[PDB]
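*Asks:* Input: one structure, supplied below.
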Amino acid sequence: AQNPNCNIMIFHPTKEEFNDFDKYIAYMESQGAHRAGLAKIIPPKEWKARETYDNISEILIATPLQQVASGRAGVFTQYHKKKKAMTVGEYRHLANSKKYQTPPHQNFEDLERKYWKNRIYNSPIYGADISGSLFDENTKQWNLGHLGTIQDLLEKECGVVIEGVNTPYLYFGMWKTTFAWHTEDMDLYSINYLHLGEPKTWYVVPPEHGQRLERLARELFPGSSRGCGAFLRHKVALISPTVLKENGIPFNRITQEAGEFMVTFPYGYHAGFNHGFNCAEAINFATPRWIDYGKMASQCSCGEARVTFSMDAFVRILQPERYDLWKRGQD
Ligand SMILES: O=C(O)CNC(=O)C(=O)O
Ligand SMILES: [Mg+2]
Ligand code: NI
Ligand SMILES: [Zn+2]
């Protein structure tokens, strides 16, 4: 078995290897990358996502989210308070302000220590989940707006034609902005490209051990667990690496820098934080190996998780027994 310790692997494809996305994902899996839940892909030196980032300031963040924390430093939830719209240029200035800017630090490890010590005492503002793309249309390799769609994958594997679309999302981050512990909708893959700015630190649990994280989370968030049998689908709970180590939960961590891709694999729980002003682009995707994970994915039916139009078909076809209850949660 390849990668039996479930380490995060880093890949350096050549320009030739970067042509066929599906093939390269399958190669990474052949080397055991999926066992970690997360992989880094450094693009060939010839490649670029677009020519410059000099003209992005007029993109609108229609609903910036202030991430307010409750709990203790290592075990907390966050809720998202909606703020007034602002442009990317206004958000960048905000991120760089004395109130929100990254503090002085020695290295990534010192910054990680400061994040876990101090996150809860601040409420950073995140521009998340903005439909759109920063890939130049002429970028033909690993262009996250030109991937094969999950609807087409389901149709190719299973023969059923379904409605729905699959488009990318932009994320504009600042120091301390936080992504809570989650797997993807329907335990899909994700791919994330850090277009510009400061790094993003990731934490991940191997898919084969995801239920260990879920059992810890039910212990640590006992009211939330009683409210919903899949509350991590709400994407609000944080647990620090120190707490994970104290409870024996297997995980790994890595820092993504600008110009790098990360892939999350089916049922790989992940969480993380931004180091400073940045912009990432991410999308879900599927492969043949996902289908079995999609069929087994947990679902939130309490009403909190509320998701895209396109998840309807996935539930309906892959999980027909769960469909009625899940749809009630959506309505
Ligand atoms: O970058 C973020 O805030 C969150 N991204 C992801 O969870 C991802 O790409 O799957
Ligand atoms: Mg612009
Ligand atoms: Ni994710
Ligand atoms: Zn729920």
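Order determines the names: the first chain of the structure tokens is A, the second B, and so forth; residues in each chain are numbered 1 upward, and ligands are numbered 1 upward as they are shown.
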Applying 12 Å and only C-alpha atoms, which residues near region 245-248 of chain A remain after dropping the ones on its own chain fewer than 2 positions away? List them as a list in words.
*Replies:*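 Residues near the query, excluding close chain neighbours: residues 74, 205, 209, 212, 213, 215, 216, 217, 219, 220, 239, 240, 241, 242, 243, 250, 251 and 252 of chain A.
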*Asks:* As a count of residues only, please: every residue in region 136-262 of chain A that a backbone DSSP assignment puts in strand (DSSP E).
*Replies:* 35
*Asks:* Near residue 179 (chain A), within 7 Å and counting only C-alpha atoms, which residues show up once chain neighbours fewer than 6 positions away are dropped, as a PyMOL selection string?
*Replies:* chain A and resi 271-273
*Asks:* Give me a file of those residues, with N, CA and C atoms, as a PDB file, in the first residue's frame.
*Replies:*
ATOM      1  N   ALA A 271      -9.196  22.031   7.696  1.00  0.00           N
ATOM      2  CA  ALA A 271      -9.436  23.302   8.367  1.00  0.00           C
ATOM      3  C   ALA A 271      -8.200  24.130   8.163  1.00  0.00           C
ATOM      4  N   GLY A 272      -8.231  25.411   8.423  1.00  0.00           N
ATOM      5  CA  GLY A 272      -7.018  26.222   8.240  1.00  0.00           C
ATOM      6  C   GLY A 272      -7.283  27.662   8.424  1.00  0.00           C
ATOM      7  N   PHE A 273      -6.228  28.440   8.109  1.00  0.00           N
ATOM      8  CA  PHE A 273      -6.285  29.901   8.292  1.00  0.00           C
ATOM      9  C   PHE A 273      -5.356  30.638   7.359  1.00  0.00           C
TER      10      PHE A 273
END
*Asks:* Excluding residue 309 (chain A) and residues on its chain fewer than 3 positions from it, collect all residues at most 12 Å away from it, counting only C-alpha atoms, and give them as a ChimeraX atom specification.
*Replies:* /A:162-167,185,306,312-316,327,330-331
*Asks:* For the selection just defined, write its residues with N, CA and C atoms to a file, as a CSV table (one decimal), in the first residue's frame.
*Replies:*
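File written: again_28.csv
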chain,number,residue,atom,x,y,z
A,162,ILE,N,-28.2,14.6,-15.4
A,162,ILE,CA,-28.8,15.4,-14.4
A,162,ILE,C,-28.6,16.9,-14.7
A,163,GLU,N,-29.5,17.7,-14.1
A,163,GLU,CA,-29.3,19.2,-14.1
A,163,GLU,C,-28.2,19.6,-13.2
A,164,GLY,N,-27.8,20.8,-13.3
A,164,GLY,CA,-26.8,21.4,-12.4
A,164,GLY,C,-25.5,21.8,-13.1
A,165,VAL,N,-24.9,22.8,-12.4
A,165,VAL,CA,-23.7,23.3,-12.9
A,165,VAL,C,-22.6,23.3,-11.8
A,166,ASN,N,-21.4,23.7,-12.2
A,166,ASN,CA,-20.2,23.5,-11.4
A,166,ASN,C,-19.3,24.6,-11.7
A,167,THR,N,-19.3,25.7,-10.9
A,167,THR,CA,-18.4,26.8,-11.2
A,167,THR,C,-17.5,27.2,-10.0
A,185,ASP,N,-18.9,19.2,0.2
A,185,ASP,CA,-20.3,18.7,-0.1
A,185,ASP,C,-20.3,17.3,-0.8
A,306,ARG,N,-27.6,24.3,4.4
A,306,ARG,CA,-28.1,25.0,3.2
A,306,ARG,C,-27.0,25.2,2.1
A,312,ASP,N,-28.8,18.9,-5.1
A,312,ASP,CA,-30.0,18.2,-5.2
A,312,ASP,C,-29.9,16.9,-5.9
A,313,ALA,N,-29.4,17.0,-7.2
A,313,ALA,CA,-29.3,15.8,-8.0
A,313,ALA,C,-28.4,14.8,-7.5
A,314,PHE,N,-27.3,15.2,-6.8
A,314,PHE,CA,-26.4,14.2,-6.3
A,314,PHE,C,-27.1,13.4,-5.2
A,315,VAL,N,-27.8,14.0,-4.3
A,315,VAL,CA,-28.5,13.3,-3.3
A,315,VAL,C,-29.6,12.4,-3.9
A,316,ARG,N,-30.3,13.1,-4.8
A,316,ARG,CA,-31.4,12.3,-5.4
A,316,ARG,C,-31.0,11.1,-6.1
A,327,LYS,N,-34.2,17.0,1.6
A,327,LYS,CA,-34.8,18.1,0.9
A,327,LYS,C,-35.7,19.0,1.8
A,330,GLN,N,-33.5,21.4,3.2
A,330,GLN,CA,-33.3,22.5,2.3
A,330,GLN,C,-34.5,23.5,2.2
A,331,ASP,N,-35.7,23.1,2.6
A,331,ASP,CA,-36.9,23.9,2.4
A,331,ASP,C,-37.6,24.4,3.7
*Asks:* Given a cut-off of 12 Å, what residues near ligand 3 show up using only C-alpha atoms and all ligand atoms, put as an NGL selection string?
*Replies:* :A and (37-38 or 128-129 or 169 or 171 or 178-192 or 202-204 or 232-233 or 235 or 262-273 or 280-285)
*Asks:* Output C-alpha atoms for every residue in that selection, as a PDB file, in the first residue's frame.
*Replies:*
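Below is the file that was written, result05.pdb:
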ATOM      1  CA  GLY A  37      -6.645  13.762   2.542  1.00  0.00           C
ATOM      2  CA  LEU A  38      -4.651  16.647   1.028  1.00  0.00           C
ATOM      3  CA  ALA A 128     -15.776  34.023   0.747  1.00  0.00           C
ATOM      4  CA  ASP A 129     -17.584  32.050  -1.715  1.00  0.00           C
ATOM      5  CA  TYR A 169     -15.377  30.422  -6.218  1.00  0.00           C
ATOM      6  CA  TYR A 171     -11.873  33.748  -1.530  1.00  0.00           C
ATOM      7  CA  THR A 178     -10.504  30.790   9.225  1.00  0.00           C
ATOM      8  CA  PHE A 179     -11.972  27.749   7.473  1.00  0.00           C
ATOM      9  CA  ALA A 180     -13.652  25.412   9.903  1.00  0.00           C
ATOM     10  CA  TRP A 181     -13.303  21.612   9.997  1.00  0.00           C
ATOM     11  CA  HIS A 182     -15.262  20.080   7.102  1.00  0.00           C
ATOM     12  CA  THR A 183     -15.339  17.703   4.228  1.00  0.00           C
ATOM     13  CA  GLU A 184     -16.695  18.836   0.861  1.00  0.00           C
ATOM     14  CA  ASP A 185     -20.326  18.706  -0.102  1.00  0.00           C
ATOM     15  CA  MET A 186     -21.139  15.056  -0.924  1.00  0.00           C
ATOM     16  CA  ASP A 187     -17.529  14.254   0.107  1.00  0.00           C
ATOM     17  CA  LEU A 188     -16.257  15.576  -3.254  1.00  0.00           C
ATOM     18  CA  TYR A 189     -12.693  16.527  -4.070  1.00  0.00           C
ATOM     19  CA  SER A 190     -11.695  20.144  -3.985  1.00  0.00           C
ATOM     20  CA  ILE A 191      -8.902  21.999  -5.696  1.00  0.00           C
ATOM     21  CA  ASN A 192      -7.653  25.336  -4.454  1.00  0.00           C
ATOM     22  CA  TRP A 202      -4.014  23.719   6.261  1.00  0.00           C
ATOM     23  CA  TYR A 203      -4.748  20.926   8.673  1.00  0.00           C
ATOM     24  CA  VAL A 204      -6.140  17.585   7.434  1.00  0.00           C
ATOM     25  CA  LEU A 232     -19.606  19.540  10.862  1.00  0.00           C
ATOM     26  CA  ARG A 233     -21.517  20.221   7.588  1.00  0.00           C
ATOM     27  CA  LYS A 235     -18.725  24.568   8.804  1.00  0.00           C
ATOM     28  CA  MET A 262      -3.878  22.061  -3.055  1.00  0.00           C
ATOM     29  CA  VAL A 263      -6.172  19.131  -3.671  1.00  0.00           C
ATOM     30  CA  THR A 264      -8.446  17.771  -0.984  1.00  0.00           C
ATOM     31  CA  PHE A 265      -9.617  14.173  -1.433  1.00  0.00           C
ATOM     32  CA  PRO A 266     -13.006  12.599  -0.721  1.00  0.00           C
ATOM     33  CA  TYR A 267     -13.841  12.532   2.977  1.00  0.00           C
ATOM     34  CA  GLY A 268     -10.577  14.358   3.940  1.00  0.00           C
ATOM     35  CA  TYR A 269     -11.535  16.681   6.786  1.00  0.00           C
ATOM     36  CA  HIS A 270      -9.641  19.929   6.560  1.00  0.00           C
ATOM     37  CA  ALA A 271      -9.436  23.302   8.367  1.00  0.00           C
ATOM     38  CA  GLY A 272      -7.018  26.222   8.240  1.00  0.00           C
ATOM     39  CA  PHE A 273      -6.285  29.901   8.292  1.00  0.00           C
ATOM     40  CA  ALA A 280      -7.629  31.882  -3.572  1.00  0.00           C
ATOM     41  CA  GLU A 281      -9.853  30.170  -6.109  1.00  0.00           C
ATOM     42  CA  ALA A 282     -11.423  26.792  -5.493  1.00  0.00           C
ATOM     43  CA  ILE A 283     -13.883  24.332  -7.034  1.00  0.00           C
ATOM     44  CA  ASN A 284     -15.218  20.891  -6.356  1.00  0.00           C
ATOM     45  CA  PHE A 285     -14.591  18.007  -8.738  1.00  0.00           C
TER      46      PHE A 285
END
*Asks:* Between A:274, A:319, A:299, A:139, which is the closest to ligand 4 once you count only C-alpha atoms and all ligand atoms?
*Replies:* A:299
*Asks:* Can I get the residues close to ligand 4 as a PDB file with N, CA and C atoms, in the first residue's frame, where close means within 9 Å and we count only C-alpha atoms and all ligand atoms?
*Replies:*
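Listed below is the output, part35.pdb:
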ATOM      1  N   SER A 224     -24.283  20.993  19.837  1.00  0.00           N
ATOM      2  CA  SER A 224     -24.353  20.982  18.348  1.00  0.00           C
ATOM      3  C   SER A 224     -24.617  19.553  17.875  1.00  0.00           C
ATOM      4  N   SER A 225     -23.991  18.594  18.499  1.00  0.00           N
ATOM      5  CA  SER A 225     -24.133  17.204  18.115  1.00  0.00           C
ATOM      6  C   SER A 225     -25.556  16.706  18.342  1.00  0.00           C
ATOM      7  N   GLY A 227     -28.149  18.602  18.193  1.00  0.00           N
ATOM      8  CA  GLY A 227     -28.963  19.305  17.206  1.00  0.00           C
ATOM      9  C   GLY A 227     -28.963  18.695  15.820  1.00  0.00           C
ATOM     10  N   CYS A 228     -27.857  17.976  15.477  1.00  0.00           N
ATOM     11  CA  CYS A 228     -27.675  17.516  14.109  1.00  0.00           C
ATOM     12  C   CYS A 228     -26.648  16.416  14.067  1.00  0.00           C
ATOM     13  N   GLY A 229     -26.970  15.321  13.371  1.00  0.00           N
ATOM     14  CA  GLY A 229     -26.141  14.169  13.297  1.00  0.00           C
ATOM     15  C   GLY A 229     -24.956  14.367  12.349  1.00  0.00           C
ATOM     16  N   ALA A 230     -24.894  15.509  11.672  1.00  0.00           N
ATOM     17  CA  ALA A 230     -23.783  15.844  10.749  1.00  0.00           C
ATOM     18  C   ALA A 230     -23.421  17.299  10.872  1.00  0.00           C
ATOM     19  N   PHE A 231     -23.293  17.786  12.125  1.00  0.00           N
ATOM     20  CA  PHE A 231     -23.073  19.171  12.315  1.00  0.00           C
ATOM     21  C   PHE A 231     -21.764  19.808  11.766  1.00  0.00           C
ATOM     22  N   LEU A 232     -20.779  18.943  11.498  1.00  0.00           N
ATOM     23  CA  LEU A 232     -19.606  19.540  10.862  1.00  0.00           C
ATOM     24  C   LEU A 232     -19.901  20.074   9.428  1.00  0.00           C
ATOM     25  N   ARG A 233     -21.003  19.612   8.850  1.00  0.00           N
ATOM     26  CA  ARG A 233     -21.517  20.221   7.588  1.00  0.00           C
ATOM     27  C   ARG A 233     -21.910  21.659   7.771  1.00  0.00           C
ATOM     28  N   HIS A 234     -22.083  22.165   8.995  1.00  0.00           N
ATOM     29  CA  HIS A 234     -22.342  23.600   9.181  1.00  0.00           C
ATOM     30  C   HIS A 234     -21.144  24.501   8.996  1.00  0.00           C
ATOM     31  N   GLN A 299     -25.255  13.520   5.646  1.00  0.00           N
ATOM     32  CA  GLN A 299     -25.896  14.721   5.324  1.00  0.00           C
ATOM     33  C   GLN A 299     -26.501  15.444   6.530  1.00  0.00           C
ATOM     34  N   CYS A 300     -26.497  16.770   6.440  1.00  0.00           N
ATOM     35  CA  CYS A 300     -27.203  17.652   7.394  1.00  0.00           C
ATOM     36  C   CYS A 300     -28.654  17.739   6.831  1.00  0.00           C
ATOM     37  N   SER A 301     -29.584  17.396   7.645  1.00  0.00           N
ATOM     38  CA  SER A 301     -31.026  17.663   7.355  1.00  0.00           C
ATOM     39  C   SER A 301     -31.715  18.613   8.358  1.00  0.00           C
ATOM     40  N   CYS A 302     -30.936  19.230   9.324  1.00  0.00           N
ATOM     41  CA  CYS A 302     -31.494  20.124  10.326  1.00  0.00           C
ATOM     42  C   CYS A 302     -31.825  21.447   9.787  1.00  0.00           C
ATOM     43  N   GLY A 303     -31.338  21.818   8.622  1.00  0.00           N
ATOM     44  CA  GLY A 303     -31.659  23.106   8.049  1.00  0.00           C
ATOM     45  C   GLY A 303     -30.506  24.040   8.048  1.00  0.00           C
ATOM     46  N   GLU A 304     -29.461  23.731   8.823  1.00  0.00           N
ATOM     47  CA  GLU A 304     -28.377  24.706   8.904  1.00  0.00           C
ATOM     48  C   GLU A 304     -27.533  24.701   7.658  1.00  0.00           C
ATOM     49  N   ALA A 305     -27.174  23.525   7.083  1.00  0.00           N
ATOM     50  CA  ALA A 305     -26.059  23.537   6.114  1.00  0.00           C
ATOM     51  C   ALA A 305     -26.375  24.241   4.783  1.00  0.00           C
ATOM     52  N   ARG A 306     -27.640  24.339   4.430  1.00  0.00           N
ATOM     53  CA  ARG A 306     -28.094  25.002   3.154  1.00  0.00           C
ATOM     54  C   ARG A 306     -26.990  25.180   2.065  1.00  0.00           C
ATOM     55  N   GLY A 329     -34.866  19.569   4.851  1.00  0.00           N
ATOM     56  CA  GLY A 329     -33.852  20.447   5.438  1.00  0.00           C
ATOM     57  C   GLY A 329     -33.535  21.640   4.561  1.00  0.00           C
TER      58      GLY A 329
END
*Asks:* Looking at only C-alpha atoms, which of A:168, A:307, A:82, A:255 is the one that sits closest to residue 149 (chain A)?
*Replies:* A:168
*Asks:* Around ligand 2, at most 8 Å away and counting only C-alpha atoms and all ligand atoms, which residues are there? Put them as a PDB file with N, CA and C atoms, in the first residue's frame, please.
*Replies:*
ATOM      1  N   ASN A  55      -5.079  44.335 -11.952  1.00  0.00           N
ATOM      2  CA  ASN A  55      -6.348  44.924 -12.268  1.00  0.00           C
ATOM      3  C   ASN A  55      -7.599  44.249 -11.585  1.00  0.00           C
ATOM      4  N   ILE A  56      -7.336  43.699 -10.375  1.00  0.00           N
ATOM      5  CA  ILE A  56      -8.429  43.005  -9.635  1.00  0.00           C
ATOM      6  C   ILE A  56      -9.163  43.809  -8.609  1.00  0.00           C
ATOM      7  N   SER A  57      -8.814  45.070  -8.390  1.00  0.00           N
ATOM      8  CA  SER A  57      -9.350  45.810  -7.266  1.00  0.00           C
ATOM      9  C   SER A  57     -10.770  46.211  -7.311  1.00  0.00           C
ATOM     10  N   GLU A  58     -11.374  46.148  -8.507  1.00  0.00           N
ATOM     11  CA  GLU A  58     -12.751  46.465  -8.650  1.00  0.00           C
ATOM     12  C   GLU A  58     -13.748  45.323  -8.553  1.00  0.00           C
ATOM     13  N   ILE A  59     -13.211  44.094  -8.383  1.00  0.00           N
ATOM     14  CA  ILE A  59     -14.074  42.968  -8.021  1.00  0.00           C
ATOM     15  C   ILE A  59     -14.852  43.322  -6.736  1.00  0.00           C
ATOM     16  N   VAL A  88     -12.552  44.685  -3.720  1.00  0.00           N
ATOM     17  CA  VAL A  88     -11.301  44.013  -3.374  1.00  0.00           C
ATOM     18  C   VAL A  88     -10.264  45.051  -2.965  1.00  0.00           C
TER      19      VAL A  88
END
*Asks:* For a test of reading the model, state the distance in Å between CA of residue 32 (chain A) and CA of residue 254 (chain A), rounded to one decimal.
*Replies:*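 Straight-line distance from CA of residue 32 (chain A) to CA of residue 254 (chain A) works out to 17.1 Å.
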*Asks:* As a PyMOL selection string, list the residues of region 64-279 of chain A assigned to alpha helix (DSSP H) by DSSP on the backbone atoms of this structure.
*Replies:* chain A and resi 88-95+108-118+150-158+210-220+222-227+241-246
